[PDB]
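K.L.:
An experimental structure, sequence included, is below.
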Amino acid sequence: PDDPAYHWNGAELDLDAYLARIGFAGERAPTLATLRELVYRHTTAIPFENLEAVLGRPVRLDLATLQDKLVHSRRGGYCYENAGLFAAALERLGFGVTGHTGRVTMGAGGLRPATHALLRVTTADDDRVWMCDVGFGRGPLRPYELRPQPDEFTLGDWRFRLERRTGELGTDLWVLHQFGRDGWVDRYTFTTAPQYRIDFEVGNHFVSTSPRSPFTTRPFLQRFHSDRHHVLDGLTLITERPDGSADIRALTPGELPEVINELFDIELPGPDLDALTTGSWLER
């Protein structure tokens, strides 16, 4: 269709502020070479955080906010915020962009909400379909092709496995597998149902404002590097490496400010740190 509703408001994006912020430096065309760099720069530049939600504040997905927060401030965002911005840039550069939603599982069971923004991308070189997961917080730092890949492959130095299953009604059910702290594991699952900004707003309104949601409770920060992955899960600080190994640290509230600035490149006003430092969340 052509209604702007089916696209990603690329116009409203300050392409240059953005590309400058993630450190892009390649040719400005819709080539696989560019996509492979866009994904890498973004995933390794932008911090991951749910701080607004923890501070009782709303999370907006309009490009205005997304740009003042992720491009002009020392703040990050989660899946929707990240994917929303990335989609705008992709579109701008002449890429083929269509959305999908996945259900994070991370080894768990049951059926979790489909609230994880994913991007199905097409370049100008050929008909291959690329999946861009730029908002998970742990890469992949390169897009992965949308085709069956049961055998361990590597995006950067991180090991994965793309699996194609069948869900109810003979529908496609994809499963991306990542290797980490607890060995192999299913990160999430997703369908190929066309998704749009309106669908992200629903998903975003749930993830950010629902009690049923963990994201609204305590701090959850990730910072992703090509060779390491930092994670703050409450007062537990984790650093993971591509070979699966890792180490942790049990932090104290007073230690949060520094870790958050140095390790997560997130800067907050005092009232917020103060608020963070003494949030009722710690009691849990």
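P.N.:
Nice, thanks for sending it over. Numbers count the residues shown, from 1 in each chain.
K.L.:
CA only for contacts and neighbour counts going forward, please
P.N.:
Noted.
K.L.:
what ranges do the helices span in the stretch 1-150 of the chain?
P.N.:
With helices called from DSSP state H, counting those that start in this stretch, the stretch 1-150 of the chain shows them at 15-22, 32-45, 51-54, 63-70, 79-92.
K.L.:
quick one: contacts of the shortest one?
P.N.:
The reference is to helix 51-54. 58-59, 208-209, 215-220 (CA atoms under 8 Å, 6 or more residues apart in numbering).
K.L.:
Kindly format the C-alpha coordinates of it as PDB.
P.N.:
Output of helix 51-54 as PDB, limited to C-alpha atoms (Å, rounded to 0.1, in the frame of the first residue of the first chain):
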ATOM      1  CA  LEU A  51      14.500   3.200  32.700                       C
ATOM      2  CA  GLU A  52      11.600   5.400  31.600                       C
ATOM      3  CA  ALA A  53       9.200   2.600  32.400                       C
ATOM      4  CA  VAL A  54      10.900   2.000  35.800                       C
END
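K.L.:
rewinding a little: can you turn the buried part of the contacts of helix 51-54 into a ChimeraX selection?
P.N.:
In ChimeraX syntax, the buried subset of the contacts of helix 51-54 is picked out as below (16 or more other CA atoms under 10 Å):
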select :59,208,209,215,216,217,218,219,220
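K.L.:
just curious, which of the contacts of helix 51-54 is nearest to residue 229?
P.N.:
Nearest to residue 229 among the contacts of helix 51-54 is residue 220, at 13.3 Å by CA to CA.
K.L.:
Ramachandran angles for that closest one?
P.N.:
Dihedral pair for residue 220: phi -140, psi 100, per degrees, to the nearest 10.
K.L.:
Which parts of the stretch 51-200 of the chain are strands?
P.N.:
All strands of the stretch 51-200 of the chain, identified by DSSP state E, counting those that start in this stretch, fall at 96-104, 114-122, 129-132, 144-145, 149-155, 158-166, 172-180, 183-190.
K.L.:
Please identify the deepest-packed of those strands.
P.N.:
Comparing the strands of the stretch 51-200 of the chain by mean neighbour count (mean count of other CA atoms under 10 Å), strand 114-122 ranks first with a mean of 23.
K.L.:
What count of nearby residues applies to the residue lying closest to residue 224 once chain neighbours are set aside?
P.N.:
Nearest residue to residue 224, sequence neighbours excluded (CA to CA, 6 or more residues apart in numbering): residue 44, at 5.1 Å. The tally of other residues near residue 44 (other CA atoms under 10 Å) stands at 23.
K.L.:
mind listing what the residue most central in space within the chain touches?
P.N.:
Among the residues of the chain, residue 135 comes closest to the average C-alpha position under CA atoms, centre = their mean, at 1.0 Å. Listed by CA under 8 Å, 6+ apart, the contact set of residue 135 reads 43, 48, 78-83, 117-118.
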